[PDB]
Protein chains: 6
Amino acid sequence: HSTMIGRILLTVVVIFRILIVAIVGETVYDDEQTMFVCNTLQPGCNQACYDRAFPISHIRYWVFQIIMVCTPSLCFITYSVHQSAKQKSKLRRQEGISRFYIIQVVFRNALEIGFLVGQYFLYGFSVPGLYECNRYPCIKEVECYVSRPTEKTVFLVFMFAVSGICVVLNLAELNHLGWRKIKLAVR
Amino acid sequence: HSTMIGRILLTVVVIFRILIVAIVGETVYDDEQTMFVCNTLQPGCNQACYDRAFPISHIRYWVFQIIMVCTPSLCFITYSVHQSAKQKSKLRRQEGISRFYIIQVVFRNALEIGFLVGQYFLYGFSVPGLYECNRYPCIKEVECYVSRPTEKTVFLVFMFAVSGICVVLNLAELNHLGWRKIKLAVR
Amino acid sequence: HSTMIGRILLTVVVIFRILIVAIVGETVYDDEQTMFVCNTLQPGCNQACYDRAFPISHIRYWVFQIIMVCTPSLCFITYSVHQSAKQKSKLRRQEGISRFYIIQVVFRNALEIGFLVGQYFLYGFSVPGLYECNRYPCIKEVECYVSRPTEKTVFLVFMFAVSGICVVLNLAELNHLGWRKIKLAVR
Amino acid sequence: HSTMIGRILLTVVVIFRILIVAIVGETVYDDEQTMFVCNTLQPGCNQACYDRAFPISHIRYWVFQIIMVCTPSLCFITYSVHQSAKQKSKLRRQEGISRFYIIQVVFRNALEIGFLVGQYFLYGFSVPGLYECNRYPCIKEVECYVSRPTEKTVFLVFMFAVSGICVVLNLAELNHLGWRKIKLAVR
Amino acid sequence: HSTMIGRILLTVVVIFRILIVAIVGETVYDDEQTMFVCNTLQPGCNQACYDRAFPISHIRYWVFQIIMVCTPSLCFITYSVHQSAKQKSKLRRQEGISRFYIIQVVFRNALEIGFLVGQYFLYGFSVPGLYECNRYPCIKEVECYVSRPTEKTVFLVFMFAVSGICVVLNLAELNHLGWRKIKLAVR
Amino acid sequence: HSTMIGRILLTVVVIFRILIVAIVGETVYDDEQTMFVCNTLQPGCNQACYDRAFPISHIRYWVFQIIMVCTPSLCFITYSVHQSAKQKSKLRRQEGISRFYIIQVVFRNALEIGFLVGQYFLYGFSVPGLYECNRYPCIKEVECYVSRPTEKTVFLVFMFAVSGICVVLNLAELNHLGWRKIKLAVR
Ligand SMILES: CC(C)CCC[C@@H](C)[C@H]1CC[C@H]2[C@@H]3CC=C4C[C@@H](OC(=O)CCC(=O)O)CC[C@]4(C)[C@H]3CC[C@]12C
Ligand SMILES: CC(C)CCC[C@@H](C)[C@H]1CC[C@H]2[C@@H]3CC=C4C[C@@H](OC(=O)CCC(=O)O)CC[C@]4(C)[C@H]3CC[C@]12C
Ligand SMILES: CC(C)CCC[C@@H](C)[C@H]1CC[C@H]2[C@@H]3CC=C4C[C@@H](OC(=O)CCC(=O)O)CC[C@]4(C)[C@H]3CC[C@]12C
Ligand SMILES: CC(C)CCC[C@@H](C)[C@H]1CC[C@H]2[C@@H]3CC=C4C[C@@H](OC(=O)CCC(=O)O)CC[C@]4(C)[C@H]3CC[C@]12C
Ligand SMILES: CC(C)CCC[C@@H](C)[C@H]1CC[C@H]2[C@@H]3CC=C4C[C@@H](OC(=O)CCC(=O)O)CC[C@]4(C)[C@H]3CC[C@]12C
Ligand SMILES: CC(C)CCC[C@@H](C)[C@H]1CC[C@H]2[C@@H]3CC=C4C[C@@H](OC(=O)CCC(=O)O)CC[C@]4(C)[C@H]3CC[C@]12C
Ligand SMILES: CCCCCCCCCCCCO[C@@H]1O[C@H](CO)[C@@H](O[C@H]2O[C@H](CO)[C@@H](O)[C@H](O)[C@H]2O)[C@H](O)[C@H]1O
Ligand SMILES: CCCCCCCCCCCCO[C@@H]1O[C@H](CO)[C@@H](O[C@H]2O[C@H](CO)[C@@H](O)[C@H](O)[C@H]2O)[C@H](O)[C@H]1O
Ligand SMILES: CCCCCCCCCCCCO[C@@H]1O[C@H](CO)[C@@H](O[C@H]2O[C@H](CO)[C@@H](O)[C@H](O)[C@H]2O)[C@H](O)[C@H]1O
Ligand SMILES: CCCCCCCCCCCCO[C@@H]1O[C@H](CO)[C@@H](O[C@H]2O[C@H](CO)[C@@H](O)[C@H](O)[C@H]2O)[C@H](O)[C@H]1O
Ligand SMILES: CCCCCCCCCCCCO[C@@H]1O[C@H](CO)[C@@H](O[C@H]2O[C@H](CO)[C@@H](O)[C@H](O)[C@H]2O)[C@H](O)[C@H]1O
Ligand SMILES: CCCCCCCCCCCCO[C@@H]1O[C@H](CO)[C@@H](O[C@H]2O[C@H](CO)[C@@H](O)[C@H](O)[C@H]2O)[C@H](O)[C@H]1O
């Protein structure tokens, strides 16, 4: 019950997060590297420490996740276009399209779960403003400073909450589908 | 009475504020971090003080509020599209759409009130040109300077006035709806 | 007489000024703050003096005026769309639309007059290349220098001339309307 | 004779110059102020000398000329739209449109001549790489250096040649019109 | 078997990689040259070492490969447009179009193989964070440092994996075509 | 024979080169002036040497050539639009259009040959990474260094190869036309 409104809410949340990231994410991380001050005098002790502290920026991971999530929708649209171009057998084709969509949404749920787990394990919750690094160029351990940690961690928490809401909606959709539909999709 | 003209005025104000922010807000806060001068010599005493003075910039909050306000309209549009795709029962569907729109506008009023309260409590009215900060990197209290405070506080006051006008229009719409419509929406 | 050609000329002037500002204004004021040199050594004596000399930049005022001027046109378009969606009474509706447009153009003339008066009182005619400032951060009076004053004052004079031409055209339209139409709009 | 092909060539040249300027002009003058080196030590001796050497940049004048030239075409299009909306009298209206277009093209030729004369008198042909300036901030005469003079003067010469070609085409069109058409337009 | 779904998946992968690169590649390599620190004091020892370490950036090669891959599709579209404009002979024309498409896809597979081999031989897998260079401007061997190596090598590995998947799909399509179709295309 | 496929290939090559330049050329030459290091201490010895080494950048010449090449196509399109608006005489008009197109393609071949000769004579093949300059501001001969020479010369070689391919295709088209068509176009 209430499946269509749930799908509508999920689409609204997807559009909301896509617009929010495409508007704000570029500006926050536009000059992250430039605003890096570290207590050191050895040349090259700054770039190595910045790479160690932030190997992959959060914006790249978010963009990658958003682009990867939309691929089943794109392939479904292409398959529907091909089916329309091609045209008792119609009912069989409709059933095949339905089971294809079911498998697509299951794969989308799996991808969302994997992306959420990876984001949780990689970045975490809070962004440390102060970092301690010791690589080959730096003779001893040095203390570097990060710029704007509060905004980064707040936006990361918001992204995690949005991903959790999407996961909950996807689980609700899977529960609406149910064991019989899962078994039918398997066979 | 005069409900349609009030809704037209509200839409005009929304378009006005959206265009104004999308035109001017990026340029004002484009290089806020760069134009930061503080009386200190300790490395890292500038970024921490800037983060303390401005944890979240006003432009991010305004963009977030604008994007959040438009979500009920987007979900209503999607629901209308779904209803059109699906098509005595028509009258019942129209009544359901009407009560859905009523609940949507009530939620929009609540969200606007919450956003206005948060903006008032977080930023306030005036932006202090001079700041005094004392964090761990800075040994003692230091005096930092902010660039272009007058423009920031003027634009913040204008945004507050626009939000107040929108709140007044929303309250007028709720009064036009009235207790009977609220009770019907509840049940 | 010659009312339609006057309105056409006014629209042409509006499009001309909008295109001119949207093309040139961003580049002139793109790096105004960076090109600021002042004879001082006290930290923070530059930002405060720049804020004192230029509290609100001319481009922001021009953009605000242009956006505010177009609001009656937008509300008229929305009202016309609503009237078209809704559809002896037709003649009454047409008369109401005509008087609404008359009131709208009167309000537009008033807004243009107010904006012109504010621009004249705030900025003036010439931009002083050399400024003398004495605020709290600066111990004594200091002499700061402004970059590209000639272009700024020339473009300000051109904007003032365009606003004057628009005001003259609006006054001509009001004279064409006349006392009888004003009295009819009042009642 | 060969009037239509001449008008086609004029339109092609206008599109060519518009595309060329809109593509290249922004990049050449993007950082003209930054690449300014002058043999001086007095603060403020650089901005004043740059303003004296280049009061108005060539790109602003070219953009202003291009925008001003297109205004008669825009007003003619608006008048044609109004005439279409409004609809022996048709022949009179067509004759009025023809004489209006004749007056418009005469005004366009006059504006082009004035703009060409102003460009010739203001900028000239060659851009001096070395400048000598002596204003109030600079105690004595100082020698400043300009960046990329050859490209600026080459593009200025090309713009002058394009303007001359346009003037020649406009004069050919005026000769095709002739004394009888000029007299008819006058009365 | 499963040829159409394979082509759909290949198109989806192409769109995915195109969007991913067009979104992320510009920002990563936006300021690669600026963030270059090398242990040297001789002027010109930095630019030569940067050129030696990175003669051609990865983004240029990826853009070139993507643009080159799409050329057979563009020429096929143009040929189809010409055939549509031009219109037992229809069957012969369809067979000619089919064999033209077969030759086009064979050429596309060859181009993809060549581009993959070139990318593997030129860049490799890992980006060395530390480089040792000795050119004419630098008296002796000097040690330069690269900024953000981990992101560059991760994205390069992802691009290599995407190219491998595309190559596998193209080989599957060629196997579906088969020896008989290859022989028919040859003659 | 094979004229239509040759024209299709020429159009494909034109689109390919236009897309390639519009994508990559801006980024390569975005900050050429900034990354200029020369062994000198006299102020103004850098800008003059940079102007001497690179009077006109390659990107400007390429953009100018591309824009100039497309002008006959634009004028042909405008002439076709005029002919369509205007409408035994039809056959004569078609023959006139054909001979006009022949003259247009001959002029395009001549322009391409001239542009190729100019590019070969001006820039050459290789970009010298090291330059020796001696102008008035510099007391003696000084050694300046160029940034990213390998990419510039590689892209220049690619542009030369593309221009050569276009010239070969144009010569093939002219050979297909032949002496009889040339004589008919002359008279
Ligand atoms: C659809 C519903 C289920 C969404 C619920 C969202 C939660 C997954 C999010 C929302 C707010 C989050 C919390 C916001 C703030 C914090 C404080 C934060 O504390 C620190 O960063 C310091 C201590 C530490 O290192 O853990 C730990 C995570 C936590 C509890 C977060 C855990 C995850 C929460 C509960
Ligand atoms: C639809 C209608 C009801 C909109 C009305 C808008 C008001 C909510 C705004 C418009 C102008 C605002 C005022 C503009 C200027 C100031 C001065 C300002 O003073 C300071 O910043 C220094 C003193 C202090 O710290 O409070 C205090 C807020 C106040 C009164 C503002 C309070 C809120 C006002 C009345
Ligand atoms: C439709 C018609 C009526 C438009 C007419 C436009 C005028 C309103 C503008 C056009 C040119 C302007 C003038 C251009 C130059 C100057 C010099 C300027 O002198 C200075 O800046 C130094 C002296 C001082 O401080 O006043 C004073 C304003 C004035 C006369 C301007 C006054 C306003 C003028 C007449
Ligand atoms: C449609 C036809 C008539 C267009 C013809 C274009 C001319 C108006 C242009 C094209 C090339 C120009 C010439 C190109 C180069 C120079 C050298 C230039 O010499 C200098 O800059 C140094 C000497 C000085 O200070 O005059 C003087 C202008 C001149 C002759 C230019 C004069 C104007 C010319 C002839
Ligand atoms: C459609 C299927 C067949 C795609 C398979 C993709 C492979 C071509 C890619 C995916 C992951 C890649 C591997 C990811 C990581 C590494 C570690 C890497 O190690 C180093 O960089 C250090 C040692 C060295 O210098 O080789 C060597 C390449 C390798 C094995 C890569 C080899 C190529 C792999 C297997
Ligand atoms: C449609 C077909 C005919 C296109 C053929 C393209 C040629 C016009 C291009 C492609 C590769 C080019 C060559 C690539 C590399 C070089 C090395 C280059 O050597 C140097 O830069 C150092 C020596 C010197 O100063 O000449 C001289 C030009 C040359 C032979 C180029 C000459 C022109 C070539 C043959
Ligand atoms: C699509 C699916 C993708 C799956 C992705 C799986 C990625 C797995 C990454 C394994 C990384 C192991 O290395 C891991 O590094 C991270 C961050 O660098 C460390 O993380 C630590 O520092 C970061 C900040 O730097 C803190 O936010 C975090 O709370 C803390 O645990 C982990 O303690 C360590 O375990
Ligand atoms: C969508 C709904 C969102 C609800 C949002 C609720 C946000 C609540 C934030 C609680 C913050 C508590 O911390 C609060 O910090 C702000 C600004 O940092 C302080 O604010 C103080 O400094 C700021 C500038 O920095 C001044 O403009 C302000 O007038 C002054 O009160 C408050 O004195 C303090 O109470
Ligand atoms: C939509 C309607 C808006 C109405 C706007 C009304 C704005 C009123 C602003 C009142 C400002 C009072 O402060 C006013 O500051 C301006 C500029 O800062 C001063 O202006 C002075 O300096 C400026 C440059 O800085 C010169 O160009 C000007 O000629 C000179 O008078 C005035 O002498 C002073 O009176
Ligand atoms: C739409 C029509 C517009 C009409 C525009 C009329 C503008 C008239 C400007 C009058 C300017 C008088 O001041 C004029 O300055 C210019 C450039 O600043 C000087 O010009 C001098 O220097 C410039 C470079 O700086 C050289 O390129 C030029 O060859 C040389 O003559 C003139 O010698 C002087 O006469
Ligand atoms: C469309 C088809 C294009 C075909 C392209 C063919 C390009 C062939 C390039 C030949 C280059 C020979 O020079 C080649 O330089 C590369 C990188 O510069 C060196 O590569 C070496 O350094 C790079 C980084 O700099 C490492 O990532 C790599 O693992 C290592 O081998 C090779 O050891 C050397 O053989
Ligand atoms: C549309 C048609 C356009 C026709 C264009 C005709 C342009 C003619 C330019 C004549 C220039 C004469 O000056 C010419 O300068 C170039 C480059 O500046 C010199 O060129 C020299 O240096 C350049 C780099 O700077 C090398 O790449 C080149 O191999 C070498 O010959 C020539 O040796 C000299 O002859």
Side-chain angles (χ1 to χ4, degrees), chain A residues 6 9-10 12-13 16-17 112-113 115-117 119-121 123-130 149-150 152-173, chain B residues 6 9-10 12-13 16-17 112-113 115-117 119-121 123-129 149-150 152-173, chain E residues 6 9-10 12-13 16-17 112-113 115-117 119-121 123-130 149-150 152-173:
Chain A
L9 189 63
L10 189 151
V12 164
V13 172
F16 169 84
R17 60 179 282 175
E112 285 263 16
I113 287 296
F115 267 112
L116 182 55
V117 170
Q119 184 175 176
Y120 176 69
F121 267 109
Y123 300 133
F125 282 114
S126 190
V127 169
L130 278 69
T150 288
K152 294 178 189 292
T153 180
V154 161
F155 189 76
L156 175 68
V157 163
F158 189 74
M159 290 300 294
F160 197 96
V162 168
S163 309
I165 296 166
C166 190
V167 162
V168 166
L169 292 175
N170 271 341
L171 288 173
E173 178 73 27
Chain B
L9 189 63
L10 189 151
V12 164
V13 172
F16 169 84
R17 60 179 282 175
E112 285 263 16
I113 287 296
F115 267 112
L116 182 55
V117 170
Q119 184 175 176
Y120 176 69
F121 267 109
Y123 300 133
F125 282 114
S126 190
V127 169
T150 288
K152 294 178 189 292
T153 180
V154 161
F155 189 75
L156 175 68
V157 163
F158 189 74
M159 290 300 294
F160 197 96
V162 168
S163 309
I165 296 166
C166 190
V167 162
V168 166
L169 292 175
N170 271 341
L171 288 173
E173 178 73 27
Chain E
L9 189 63
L10 189 151
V12 164
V13 172
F16 169 84
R17 60 179 282 176
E112 285 263 16
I113 287 296
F115 267 112
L116 182 55
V117 170
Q119 184 175 176
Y120 176 69
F121 267 109
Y123 300 133
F125 282 114
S126 190
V127 169
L130 278 69
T150 288
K152 294 178 189 292
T153 180
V154 161
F155 189 75
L156 175 68
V157 163
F158 189 74
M159 290 300 294
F160 197 96
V162 168
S163 309
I165 296 166
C166 190
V167 162
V168 166
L169 292 175
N170 271 341
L171 288 173
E173 178 73 27

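Both ligands and their constituent atoms are indexed starting at 1 by order of listing. Heavy atoms only: backbone and side chains are in, while hydrogens, waters and symmetry mates are out. In what follows, every chain begins at residue 1, and chains take the letters A, B, ... in the order their sequences are listed.
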Checklist entry - Are there protein heavy-atom neighbours of atom 15 (C) of ligand 2 below 4.0 Å? => result no

Checklist entry - Would a search of protein heavy atoms around atom 32 (C) of ligand 5 find one under 4.0 Å away? => result yes

Checklist outcome for this item: B:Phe125 heavy atoms within 4.0 Å reach ligand 2 at atoms 28 (C), 32 (C), 33 (C)

Item to check | atom 20 (C) of ligand 2 [closest protein heavy-atom partner, distance rounded to 0.1 Å] | outcome: B:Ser126 CB, 5.0 Å

Item to check | atom 3 (C) of ligand 2 [closest protein heavy-atom partner, distance rounded to 0.1 Å] | outcome: B:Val168 CG2, 4.6 Å

Checklist entry - Going from OG on A:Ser163 to CD on A:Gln119, what distance comes out if it is rounded to the nearest 0.5 angstrom? => result 5.0 Å

Item to check | Taking atom 1 (C) of ligand 2 as the reference point, the nearest protein heavy atom with its distance | outcome: B:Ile165 CG1, 3.7 Å

Checklist entry - Is there at least one protein heavy-atom neighbour under 4.0 Å from atom 18 (C) of ligand 1? => result no

Next on the checklist: Strictly inside 4.0 angstrom of atom 29 (C) of ligand 5, do you find any protein heavy atom?
Outcome noted: no

Checklist entry - Which residue holds the protein heavy atom closest to atom 12 (C) of ligand 1, what is that atom called, and what is the gap in Å? => result A:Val157 CG1, 4.7 Å

Checklist outcome for this item: Among non-hydrogen protein atoms, atom 10 (C) of ligand 2 lies closest to B:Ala161 CB, 4.7 Å

Checklist entry - Is the A:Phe160 to A:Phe125 ring centre distance short of 6.0 Å? => result yes

